[PDB]
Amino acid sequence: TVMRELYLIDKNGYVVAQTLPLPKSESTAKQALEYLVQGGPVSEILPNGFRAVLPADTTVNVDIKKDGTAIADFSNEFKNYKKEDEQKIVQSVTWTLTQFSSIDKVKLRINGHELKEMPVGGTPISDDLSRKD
């Protein structure tokens, strides 16, 4: 296994970094996002009191560009979150991706559509989400 940060939601509802041991992978950014999905492989290794963040059955493609941007393009299930978790989800995805050496910012898509706003509640989002946010 390899130590990775997963930005999970704790017993008090906060998005908090947790270090988990993930199997070795040739697509580590995608893998880390797969370990944020409710009901996915993180389920067996969640630390006490923590939960996963992305809706069940969400899948994703991560395309890492030469400028440091990771384009994370989610399946339609990604729309199935609770409104009030909208910004926590953006933060979790952003912080989880930007741990990697080749990613310093994030752009979100759903079903290959570019996102100006998150779908459930309309939170505006830029194409250069980063830890500065």
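When you see a residue number, it is the position in the sequence shown, counting from 1.
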| task | Give the stretch, out of 121 to 129 and 105 to 113, with the larger mean C-alpha temperature factor in the deposited entry. | result | 121 to 129
| Higher-scoring stretch by recorded Cα B factor average, 88 to 96 or 39 to 47 | 39 to 47
| query | Mind checking which third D67 falls in for C-alpha B-factor across the chain? | reply | highest
| task | Please place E77 in the lowest, middle or highest third of its chain by C-alpha B factor as given in the entry. | result | middle
